[PDB]
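Reviewing the structure listed below.
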Amino acid sequence: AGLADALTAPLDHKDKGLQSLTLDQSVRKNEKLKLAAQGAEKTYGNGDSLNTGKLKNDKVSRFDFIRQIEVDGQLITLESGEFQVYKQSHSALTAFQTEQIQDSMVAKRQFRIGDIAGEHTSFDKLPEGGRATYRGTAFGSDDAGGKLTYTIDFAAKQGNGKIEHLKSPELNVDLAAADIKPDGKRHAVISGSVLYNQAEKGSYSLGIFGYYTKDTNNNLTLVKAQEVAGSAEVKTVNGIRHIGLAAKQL
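Last residue of the sequence shown: number 1416 in my numbering, and the count goes up by one each step with no gaps.
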């Protein structure tokens, strides 16, 4: 699988798919995150990069995470459980399957999406026309068999999707059509509603990822938006549930 190689071996530029994954939302500047798998364990801080080049693409790589916090002196364990990483060619996202937390150790189960990084497509460099259909995996708590189909129209700067084959019937939802907008860093992002049986059930956000090229005289020539990756919050009878979304072109 290459998990221990992803935790131990340094970054190699000849690896496939996404190579480096900057950990920012998964590890805050005051805390530390321990990852263990296949007999290896490494301690990552804030800003540290995860070597995803050794991981398999379009699959869920699972680790054992322990979230500690640095309070003046030694570290205090706040959380522990499973740490999921979904890798694509130009983007990757992380997920936290919380099993144990700190007493206020008490057993509590959660599922929260962590970092979502990659090669962001600038909103100012988007293609000005054409339809693009992205297909991929949508995965929730204890279920990675979700299928995502999200279409983007660049002429109208809109996009609508659909999630299928999830174990929870309330999570197979349709992603309402939403406009393409820039964020603070002017990345191409999409924020829309989540509908189930013609009922507004939640929200979803997808980031656009792809490569680009320049000519000999620093002029933009080629731009592609090949992947999308984000998350969704769906309301269920048992409470709010989060779902990780990733999709690419064929």
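All C-beta atoms in this analysis are idealised placements derived from N, C-alpha and C, irrespective of residue type, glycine included.
Can you tell me where the beta strand (DSSP E) holding residue i begins and where it ends?
{"i": "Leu1259", "result": "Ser1257 to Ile1267"}
{"i": "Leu1361", "result": "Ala1354 to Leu1361"}
{"i": "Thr1209", "result": "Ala1206 to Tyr1210"}
{"i": "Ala1395", "result": "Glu1393 to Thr1402"}
{"i": "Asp1309", "result": "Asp1309 to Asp1319"}
{"i": "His1408", "result": "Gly1405 to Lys1414"}
{"i": "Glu1330", "result": "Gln1324 to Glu1330"}
{"i": "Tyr1370", "result": "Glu1366 to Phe1375"}
{"i": "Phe1305", "result": "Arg1297 to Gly1306"}
{"i": "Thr1188", "result": "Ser1186 to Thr1188"}
{"i": "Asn1217", "result": "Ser1215 to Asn1217"}
{"i": "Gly1247", "result": "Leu1241 to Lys1253"}
{"i": "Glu1197", "result": "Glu1197 to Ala1203"}
{"i": "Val1226", "result": "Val1226 to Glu1236"}
{"i": "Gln1191", "result": "Here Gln1191 belongs to no beta strand (DSSP E), and DSSP marks it neither H nor E."}
{"i": "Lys1291", "result": "Where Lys1291 is concerned, there is no enclosing beta strand (DSSP E), given that its DSSP letter is neither H nor E."}
{"i": "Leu1341", "result": "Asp1340 to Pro1348"}
On a CA-only basis, which of the options is nearest residue i? Give me that one, please.
{"i": "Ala1167", "options": "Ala1203, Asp1269, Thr1260 and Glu1265", "result": "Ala1203"}
{"i": "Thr1287", "options": "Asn1363, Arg1275 and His1256", "result": "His1256"}
{"i": "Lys1328", "options": "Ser1215, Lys1351, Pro1176 and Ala1304", "result": "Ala1304"}
{"i": "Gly1350", "options": "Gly1373, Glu1330 and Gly1247", "result": "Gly1373"}
{"i": "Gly1205", "options": "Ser1246, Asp1230 and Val1193", "result": "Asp1230"}
{"i": "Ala1395", "options": "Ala1273, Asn1196, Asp1308 and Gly1376", "result": "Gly1376"}
{"i": "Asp1345", "options": "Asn1196, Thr1379, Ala1322 and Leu1361", "result": "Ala1322"}
{"i": "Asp1340", "options": "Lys1367, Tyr1378 and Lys1333", "result": "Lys1367"}
{"i": "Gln1185", "options": "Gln1364, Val1193, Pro1176 and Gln1191", "result": "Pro1176"}
{"i": "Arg1275", "options": "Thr1264, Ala1412 and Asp1269", "result": "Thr1264"}
{"i": "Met1271", "options": "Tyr1300, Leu1189 and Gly1247", "result": "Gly1247"}
{"i": "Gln1415", "options": "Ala1365, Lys1220, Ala1298 and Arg1352", "result": "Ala1298"}
{"i": "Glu1285", "options": "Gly1211, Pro1335, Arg1194 and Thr1379", "result": "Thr1379"}
{"i": "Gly1239", "options": "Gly1211, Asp1281, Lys1220 and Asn1196", "result": "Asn1196"}
{"i": "residue 1118", "options": "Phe1277, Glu1294, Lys1347 and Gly1211", "result": "Lying before the first or after the last residue shown, residue 1118 is absent from the chain, which here runs from 1167 to 1416."}
{"i": "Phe1277", "options": "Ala1283, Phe1249, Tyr1300 and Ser1270", "result": "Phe1249"}
{"i": "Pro1335", "options": "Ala1412, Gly1312 and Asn1383", "result": "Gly1312"}
{"i": "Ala1412", "options": "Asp1178, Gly1213, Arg1194 and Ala1283", "result": "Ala1283"}
Leaving out five residues on either side along the sequence, give the residues of the same chain with a beta carbon under 7 Å from the beta carbon of residue i.
{"i": "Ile1279", "result": "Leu1259, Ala1261, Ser1397, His1408 and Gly1410"}
{"i": "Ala1170", "result": "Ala1203, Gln1204, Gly1205 and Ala1206"}
{"i": "residue 1127", "result": "An answer regarding residue 1127 cannot be provided, because it is not within the stretch 1167 to 1416 covered by the chain."}
{"i": "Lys1220", "result": "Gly1168, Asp1171, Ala1172, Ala1175 and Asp1181"}
If residue i sits next to residue j, beta carbons under 8 Å apart, how far is it from one beta carbon to the other, in whole angstroms?
{"i": "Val1251", "j": "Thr1218", "result": "7 Å"}
{"i": "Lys1253", "j": "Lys1222", "result": "7 Å"}
{"i": "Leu1337", "j": "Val1403", "result": "In fact, because the Cβ distance is near 12 Å, the residues do not count as touching under 8 Å."}
{"i": "residue 1107", "j": "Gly1302", "result": "In this structure the chain extends from 1167 to 1416, so residue 1107 is not present and cannot be described."}
{"i": "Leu1173", "j": "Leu1201", "result": "6 Å"}
{"i": "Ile1267", "j": "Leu1292", "result": "Between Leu1292 and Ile1267 the Cβ distance is about 41 Å, and since that is not below 8 Å, they are no contact."}
{"i": "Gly1213", "j": "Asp1178", "result": "Rounded, the Cβ-Cβ distance is 20 Å, inconsistent with contact."}
Check for me: the alpha helix (DSSP H) holding residue i runs from which residue to which?
{"i": "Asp1171", "result": "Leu1169 to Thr1174"}
Using a Cβ-Cβ cutoff of less than 8 Å, which residues in the same chain neighbour residue i once the five nearest sequence positions on both sides are dropped?
{"i": "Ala1343", "result": "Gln1324, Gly1325, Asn1326 and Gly1358"}
{"i": "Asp1381", "result": "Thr1387"}
{"i": "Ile1406", "result": "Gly1368, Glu1399 and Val1400"}
Near residue i, which residues of its chain fall below 6 Å by C-beta distance, leaving aside the five closest residues on each side in sequence?
{"i": "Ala1310", "result": "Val1226"}
{"i": "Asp1290", "result": "none"}
{"i": "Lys1333", "result": "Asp1309"}
{"i": "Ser1215", "result": "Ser1186 and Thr1188"}
{"i": "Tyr1362", "result": "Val1339"}
{"i": "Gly1295", "result": "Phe1320 and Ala1321"}
{"i": "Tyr1370", "result": "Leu1341, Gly1358, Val1360 and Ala1398"}
Please find out if some non-hydrogen atom of the ligand MG comes closer than 6 Å to the beta-carbon of residue i.
{"i": "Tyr1370", "result": "This structure simply doesn't include the ligand MG, nor any ligand for that matter."}
I want to know whether the region 1384-1398 touches the region 1299-1319 - three or more CB-CB distances under 8 Å. yes
Stretch-stretch touch, CB-based, cutoff 8 Å, three pairs: the region 1347-1362 with the region 1225-1241: No, the region 1347-1362 does not touch the region 1225-1241.
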